[PDB]
Amino acid sequence: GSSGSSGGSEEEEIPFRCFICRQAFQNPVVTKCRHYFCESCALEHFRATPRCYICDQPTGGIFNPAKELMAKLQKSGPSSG
Ligand SMILES: [Zn+2]
Ligand SMILES: [Zn+2]
């Protein structure tokens, strides 16, 4: 018996927790490579390696607030304060 299918609600290849520490995303920031990293991991890692930890790309000390990403996760959803 060689059969096994998978599915879901909507194609969402979005992570749930950090990968550098494998812990709950704490103040994750979105980069040009469309990736997220703990405000601490991004800074710490950046120090040693100026590139990414997953795509190992030239970030150039760039980091954007992925606050919107976290919001979606929460039950509420959108962030309209
Ligand atoms: Zn981390
Ligand atoms: Zn990356």
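Per the PDB record, the structure was determined using solution NMR.

1. Quick word on the overall build of the protein
From N to C terminus, the protein includes two helices and three strands. For the protein, whose C-alpha radius of gyration is 15 Å, the value lies well above the compact-globule estimate of 12 Å for 81 residues. C-alpha atoms of the protein, sized along the principal axes, occupy 50 × 40 × 20 Å. By residue count, 25% of the 81 residues in the protein fall in the buried class.

2. Regarding the sheet that holds strand 2 (residues 36-38)
Hydrogen bonding along the main chain pairs the strands of a sheet, whether they run parallel or antiparallel. Strands sit in the order 2-1-3 across an open sheet of three strands; the sheet is antiparallel. The open sheet has two edge strands, strand 2 and strand 3 (64-65), and neither has a second partner. Across the sheet, helix 1 (residues 39-48) lies against strand 1 (28-30) and strand 2, angled at about 90° from strand 2, the strand it touches most.

3. What about the coordination of the zinc ion (ligand 2)?
The protein atoms that coordinate the zinc ion (ligand 2) are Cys-33 (SG), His-35 (ND1), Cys-52 (SG) and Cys-55 (SG), at distances spanning 2.3 to 2.4 Å. Metal-centred angles of 99 to 119° between the four donor atoms at the zinc ion (ligand 2) mark the site as tetrahedral. In the primary structure, the donors to the zinc ion (ligand 2) are separated according to the pattern C-x1-H-x16-C-x2-C. Of this pair, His-35 sits in the loop between strand 1 and strand 2 while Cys-55 sits in the loop between helix 1 and strand 3, and the two are 20 residues apart along the sequence.

Criteria and cut-off values
Residues numbered from 1 in each chain as written, not as in the entry; some residues may be left out. Chains lettered and ligands numbered in written order. Heavy atoms only, no water. Helix = DSSP H or I, 4+ residues; strand = E, 2+ residues; numbered from the N terminus. Rg over C-alpha atoms; globule rule 2.2 N^0.38 Å. Buried < 20%, exposed > 50% of the residue type's maximum accessible area, 1.4 Å probe, protein only. Pairing = 2+ DSSP bridges. Contact = heavy atoms within 4.5 Å. Axes fitted to C-alpha atoms, helices over the stretch in contact; angles between N-to-C directions. Donors = N, O, S within 2.8 Å, 3.2 Å for Na, K, Ca; no water. Tetrahedral: all angles 85-135°; square planar, octahedral: opposite > 155°, others 65-115°.

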